[PDB]
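S.K.: Provide a 3D model corresponding to the input given below.
(chains A and B)
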Number of protein chains: 2
Amino acid sequence: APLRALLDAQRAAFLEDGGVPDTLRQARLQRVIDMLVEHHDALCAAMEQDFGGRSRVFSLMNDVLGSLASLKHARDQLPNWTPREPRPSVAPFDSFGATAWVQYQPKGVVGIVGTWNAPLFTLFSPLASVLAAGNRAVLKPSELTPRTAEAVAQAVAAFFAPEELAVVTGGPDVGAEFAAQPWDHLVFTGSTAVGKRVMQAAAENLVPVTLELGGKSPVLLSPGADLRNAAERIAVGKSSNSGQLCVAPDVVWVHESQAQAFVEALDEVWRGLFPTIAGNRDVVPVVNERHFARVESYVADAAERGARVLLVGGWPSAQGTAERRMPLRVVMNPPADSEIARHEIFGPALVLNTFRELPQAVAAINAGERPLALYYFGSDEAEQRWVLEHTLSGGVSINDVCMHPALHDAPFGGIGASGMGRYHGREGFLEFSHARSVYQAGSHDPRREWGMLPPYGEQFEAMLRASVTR
Amino acid sequence: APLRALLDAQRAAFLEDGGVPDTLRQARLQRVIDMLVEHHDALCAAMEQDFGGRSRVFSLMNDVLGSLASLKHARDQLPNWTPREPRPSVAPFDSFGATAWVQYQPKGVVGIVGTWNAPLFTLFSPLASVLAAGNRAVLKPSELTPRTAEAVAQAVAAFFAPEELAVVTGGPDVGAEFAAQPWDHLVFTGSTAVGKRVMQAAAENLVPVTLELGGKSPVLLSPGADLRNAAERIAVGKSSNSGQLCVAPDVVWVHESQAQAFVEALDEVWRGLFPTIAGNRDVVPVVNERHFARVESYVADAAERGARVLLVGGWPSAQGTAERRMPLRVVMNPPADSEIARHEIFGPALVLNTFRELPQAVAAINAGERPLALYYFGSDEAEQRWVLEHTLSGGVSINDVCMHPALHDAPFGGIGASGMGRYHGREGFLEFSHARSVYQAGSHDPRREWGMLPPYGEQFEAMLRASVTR
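M.R.: Numbers count the residues shown, from 1 in each chain, chains lettered A, B, ... in the order given. Take a look at the structure below.
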C-alpha cells in the first residue's frame, strides 16, 4: 500500500505535467548532481563500511564520479535528443500534403532497482537517462549496502519532493513488492536468475524492462598479442573491486604455449599493485560472508575435480580470509561440469582456458550463454574482425578490459542471458521514451476520385494488380 | 521437440553464417517478395474464404501490397542501416588514441506470431525488419484463418529451406509451445490478455519480446473541426475490414452540441460507401460466428444498461446477420461498467462519448489504458499540441484515422497495455539487432604515471576530490 501510494502520487503529478521542457529536465539533473556533490563524503564512508573496508578512492571514482559524469552528460546533451524528427509520409498522399514525424515523450514513472557492487552507479547512471527522457522515478538501493541505501534515502529526501524522485529502502521482501508495481518502465541490475523473476513479475502488468544481468565475460588473447601489456590491463581491470564488476574478465582464453608466460606477467603486475593483501585497504573485500563462501566454493570444487589452481599476486592467510581479502586464484581448464565453469565468478578468481586455434575458443564461447562483455587483445585487424563477427556480447573492449561501460555516447547493456535493453547516451534517452509516430493528413483526399473507396473502381483494382511486382 | 528441432536447425545455421552481408539479406527479402508475387491470387482467395467473403480488393491492398511495400523498403534501405557508427570514446583516454563505435549484429532466430485480421501483413511486415537485421525466422500464422495459414506454409516451403525461413501451423496448443521456445527474439501481435501470457512465457528463457497488442483507440473531435470531413475520413477508416483493425477508431469524443450533426454525416457517408450491406462483397464479414456473437453482445449489453444505440449506414437484415455483415452501430455514452466500455470492439460498432470541454475527454482517456492509436481532428495548432502532450498512445493520425501504420520510415507499435517494442523502418531494424558498443584502446596507458593505480597515493585522491563539482 505505501509503495503503491508513492507510485500513484508520482503518476498523478506526471499526468498534470503534460510536456516536460528541456530546462526542467536539466534542472532535475542538476539537482541530483548538487545532491551528490554535497553528500559524497558521507556516501563514500557508507560504501566503505558496507563492504567491510572498500577503498574510498575506488568508490569516489567508480560510484561518485561515474554517476556525476552520466548525469552531466545527460544534462548537457539532452537538447539534441528531444526535438521531433520529420519523416517521409505515406505515398501517394504525401503528394497531396500529408506529412509525418516521430516525437519522443516520457513514459511516466520509472522504477530503478540497483545492486550492491556499485551501489550508486547502478541507481544514478540509469537515472540520468530516465530523467533526460522526462520521467519521474523511484529508486530501490540494494539491501546488501544498507548504510549506502540509507544515506541515499536521506540525501534524496533532503533535495527532492517525493513526487519527483523518491527512494524505497528495505530487504529483498521490499524489492519483490517493488518489482510487482505497475511502473511505466522498470530497470533492474542483478543476476540472470533474479532477472528472470523480475521479468515474470513485470509481465503481470505488461511493464517494459531494462534488465542488466550477468554471465562469464571472456577475454581472447590473440596468439600475436603483447602478453605483458595484456597482463597489465587485465590485472588492473580484474583486481578492480576484487572482481565484483558485471564486466570483469571471468574467463581468459590463451594459447597453450603462452599460458605460463601470461600467468607470470599477471602475477608480477598484481604484486606491484598489491604488495600486501591482508590489511591492505586498497584491496576491496568480497562484500559479505555469503558471497565470499560462494566464490571460495567454486575454487574448492574445481580443485576437488582435478583442476590445477594457481596463486597469483600473493598468498592466502588467516587474516586475509577473515577480512575477505584474497589474492587471485587462477583455475586452469576446469571441467565443464565444475561450478566455476558454470557460474559467474564475480570475485577474486579467474578461469584460464588454453587453446590451439582461436576458433576453438570462439566455439566454446558460442556454446555458452552470451556474456555481458567480451574482450580481444591483439594487433591483427582481420583476426579482431573475425572474432567480433562470430561472437555476440553485450559490449566489447579491444586491448583493454572494463572500459566500454564508461562510454557516455554508446549504449550499455546485455543480450540473451546477459540482459535486454540499455542505458547511456541517446540510446538510453530512447529507452525511457516512447517514440510516437504521427501522420498528419493533407488538405485534399484523392481516394474518392481515384475509385479507391467502396464501391471499388475497376480501374483502381487494375492498378493495384499492376503494383504487384518484384 | 519437432518445434525445438526446427529452432535448433535455424540456430545451427545462424552460428555458421558468421557475418550476414547486405546482399544476402537483400536476396532473402527478394525471395519473400518473389514468393508473394507468384502466389498472391491464391493467397487472396484463401483470405476471402477464411472470412466467409472478405473483399479480394481489401486483401490485395492491405495484406499483399502492404507486405510487399514493407519488404521492398527493407530491401532497398538496409545498406543505410548496417554500417558501424563511430562514437566519442572515454575521456581522458581519447586524448591518448582510444576510439569507440557501435556495431549492429543480428540476434539469431526470431519467432513471429501473426493474427487473423491481417494474416499476411502481421507476419511479413515484421519479417521485413527481422530479415533486414540479418536474422532467420519462424512464422506462426493464425489458426482463425486456416486456409491462409496453410497457403503460407506451402508457399514458404516451396521457396525457402526451413533453416532460413519456416512456418508452423496449429491451434492454441501449438501457439503455447511456440511462445515457450528459447527464441533470440519473439514477435507477437494479438490481444492484450494473450500478450501478457506470451510475455510470461518468454520470461522463463529471458526472450525479448515485441508485443503489438490492443486497446480502445480514441478519436478527439475538436469543436472547431470540419465535422463532415471528419465523418467521411472516420467512416472510411472504421468500415475498413468492418472495424477489425488494431488501429480502428473505437471511441469518438464529440462536443455534446455536435453529436447529432456528426452522426448524420457519418450515416450519409456510410450509405454512399455501402449502398447495400447484405450480399455486398465490399462489406468484410466479422471473421467467424464467435467474434460476431462477441461484438453483437457488446451492443446488446450497452442498450440493456440504458445506452442509446443509433443505426449508421443501413438497417440490419436476416441475410446480413447470417453473412455477419452489419451496418455500424453507434453506442452513445455507455456506462463505465458496460462490456463495450471495457473491451476492444474490433468490429462494426463504435462508442460515441460526448464532452462539454475537450480536457474532459483527455482526462477520461488518461484514466483508461494507453491505446495503440489516438486520433485528433481539428485545425487549431495549439489545441492539437496540447492534446498530444497530455496523452500517450502507440501512434497518432491527425485529421485522418488508420494511416500511420503505413509509414515505412517510422516505428509502428504500442505503449503500456497496447504493447512494447516496434517494427518498420530503421527503428524496426534496430529492434531485431543487437547494438554492440565497442571501446578500442590507444597506444599509451597514462594511468600508472598519473598515480591512478594502486597503491593509491594522496595526490591522486586530491585530484579525484577536485573533480567533484557541479
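
S.K.: Please count neighbours and contacts with C-alpha atoms only from this point.
M.R.: Fine.

S.K.: roughly how far apart are whichever residue of the stretch 1-150 of chain A sits closest to chain B and residue B:389?
M.R.: Of all residues in the stretch 1-150 of chain A, residue A:18 sits closest to chain B, at 4.6 Å by C-alpha to the nearest C-alpha. Going from residue A:18 to residue B:389 by C-alpha to C-alpha, to the nearest Å gives 5 Å.

S.K.: Go ahead and confirm residue A:206 touches residue B:416.
M.R.: Yes - judged on C-alpha atoms under 8 Å, residue A:206 makes contact with residue B:416 at a distance of 6.6 Å.

S.K.: that older thread, give the contact list for the residue of the stretch 1-150 of chain A closest to chain B.
M.R.: Shown in contact with residue A:18 (C-alpha atoms under 8 Å, 6 or more residues apart in numbering or on different chains): B:386, B:389, B:390, B:391.

S.K.: One more: residue A:94?
M.R.: A:88, A:442.

S.K.: mind checking the SS state of it?
M.R.: Put simply, residue A:94 is helix when judged by DSSP: H, G, I helix; E, B strand; the rest coil.

S.K.: do you know how far it is from residue A:54?
M.R.: Where residue A:54 is concerned, residue A:94 sits at a distance of 62 Å (C-alpha to C-alpha).

S.K.: do the same with residue A:398
M.R.: Plainly put, residue A:398 is 28 Å away from residue A:54 if you go by C-alpha to C-alpha.

S.K.: Count the residues that sit near residue A:103.
M.R.: Applying other C-alpha atoms under 10 Å in any protein chain shown, we find 18 residues neighbouring residue A:103.

S.K.: Surely it is in a strand?
M.R.: Yes - the assignment for residue A:103 by three-state DSSP puts it in a strand.

S.K.: Bridged to it, which residues?
M.R.: residue A:436 (DSSP bridges).

S.K.: Who are the contact partners of it?
M.R.: Applying C-alpha under 8 Å, 6+ apart, we find residue A:103 in contact with A:82, A:83, A:84, A:85, A:435, A:436, A:437, A:438.

S.K.: Give the buried subset of the residues you listed as a PyMOL selection command.
M.R.: For the buried members of those, the matching PyMOL selection, counting by 16 or more other C-alpha atoms under 10 Å in any protein chain shown, is:
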select buried, chain A and resi 82+435+436+437+438
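
S.K.: May I see the contacts of residue A:103 organised as CSV, with distance to residue B:266 added?
M.R.: Conversion of these to CSV gives the following (distance: C-alpha to C-alpha, whole Å):
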residue, distance to residue B:266
A:82, 39
A:83, 37
A:84, 34
A:85, 34
A:435, 32
A:436, 29
A:437, 27
A:438, 24
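
S.K.: May I ask which two of the contacts of residue A:103 are separated the most?
M.R.: Maximum pairwise distance in the contacts of residue A:103, criterion C-alpha to C-alpha, is 15.4 Å, between A:82 and A:438.

S.K.: can stretch A:70-89 be found next to chain B?
M.R.: Yes - contact of stretch A:70-89 with chain B (C-alpha under 8 Å from any C-alpha of the partner chain) involves A:87, A:88, A:89.

S.K.: which one of these is nearest residue A:165?
M.R.: residue A:87 (34.6 Å).

S.K.: Would you map out the domains in chain A?
M.R.: A:2-213+A:419-435, A:218-409 (automatic domain parsing).

S.K.: What is the end-to-end distance of the shortest one?
M.R.: I take that to be domain A:218-409. Taking C-alpha to C-alpha, domain A:218-409 runs 24 Å from one end to the other.

S.K.: do that domain and chain B meet at all?
M.R.: Yes - counting by C-alpha under 8 Å from any C-alpha, chain B has neighbours in domain A:218-409: A:236, A:273-274, A:282, A:389-390, A:392-400, A:403-404, A:406-409.

S.K.: Selecting buried members of those residues in PyMOL, what would you type?
M.R.: Filtering the residues of domain A:218-409 next to chain B down to the buried ones (16+ other C-alpha under 10 Å) takes a single PyMOL command:
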select buried, chain A and resi 236+273+274+282+390+392+393+394+395+396+397+398+399+400+403+404+406+407+408+409
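
S.K.: if we can go back for a sec, including secondary structure and distance to residue A:295, could the contacts of residue A:18 go into TSV?
M.R.: TSV is the format used below for these (DSSP: H, G, I helix; E, B strand; the rest coil; distance: C-alpha to C-alpha, whole Å):
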residue	secondary structure	distance to residue A:295
B:386	helix	56
B:389	helix	51
B:390	coil	51
B:391	coil	50
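
S.K.: Contact partners for the residue nearest to residue A:416 when sequence neighbours are not counted?
M.R.: Of all residues not flanking residue A:416 in the chain, residue A:370 sits nearest, at 5.8 Å (C-alpha to C-alpha, 6 or more residues apart in numbering or on different chains). Residues near residue A:370 by C-alpha under 8 Å, 6+ apart: A:215, A:392, A:393, A:394, A:415, A:416, A:417, A:418.

S.K.: can you rerun that using 10 Å?
M.R.: Counting by C-alpha atoms under 10 Å, 6 or more residues apart in numbering or on different chains, residue A:370 touches A:214-218, A:391-394, A:414-419.

S.K.: and if you look at residue A:178?
M.R.: A:3-4, A:111-113, A:138-140, A:168, A:172, A:186, A:198, A:201.

S.K.: In three-state terms, how would it be classified?
M.R.: Assigned by three-state DSSP, the conformation of residue A:178 is helix.

S.K.: What's the local residue count around residue A:56?
M.R.: 23.

S.K.: circling back to that earlier point, mind checking which of the domains of chain A is nearest residue B:312?
M.R.: Nearest to residue B:312 among those is domain A:2-213+A:419-435 (27.8 Å), distances taken as C-alpha to C-alpha.

S.K.: what's the offset of the closest one from the middle of its chain?
M.R.: Centre-to-centre, domain A:2-213+A:419-435 and its host chain are 12 Å apart (C-alpha atoms, centre = their mean, to the nearest Å).

S.K.: What helix or strand is residue A:464 located in?
M.R.: Here residue A:464, judged by DSSP states H and E, is contained in helix A:458-466.

S.K.: go on, residue A:352?
M.R.: Assigned by DSSP H and E, residue A:352 falls in strand A:349-355.

S.K.: for residue A:438, same thing?
M.R.: Counting by DSSP H and E, the element that carries residue A:438 is strand A:433-440.

S.K.: For residue B:365, state which of the contacts of residue A:370 is nearest.
M.R.: Using C-alpha to C-alpha, the contacts of residue A:370 come closest to residue B:365 at residue A:419, 33.7 Å.

S.K.: if I pick the closest one, what's in contact with it?
M.R.: Residue A:419 makes contact with A:188-192, A:195-196, A:209-215, A:370-372, A:394, A:413, B:206-208 under the criterion C-alpha under 10 Å, 6+ apart.

S.K.: One more pass at 7 Å, please.
M.R.: In this structure, residue A:419 makes contact with A:211, A:212, A:213, A:413, judged by C-alpha atoms under 7 Å, 6 or more residues apart in numbering or on different chains.

S.K.: which bits of the stretch 1-150 of chain A sit near chain B?
M.R.: Selection of the stretch 1-150 of chain A residues close to chain B by C-alpha under 7 Å from any C-alpha of the partner chain yields A:18, A:19, A:33, A:34, A:37, A:57, A:65, A:87, A:88, A:89, A:90, A:102.
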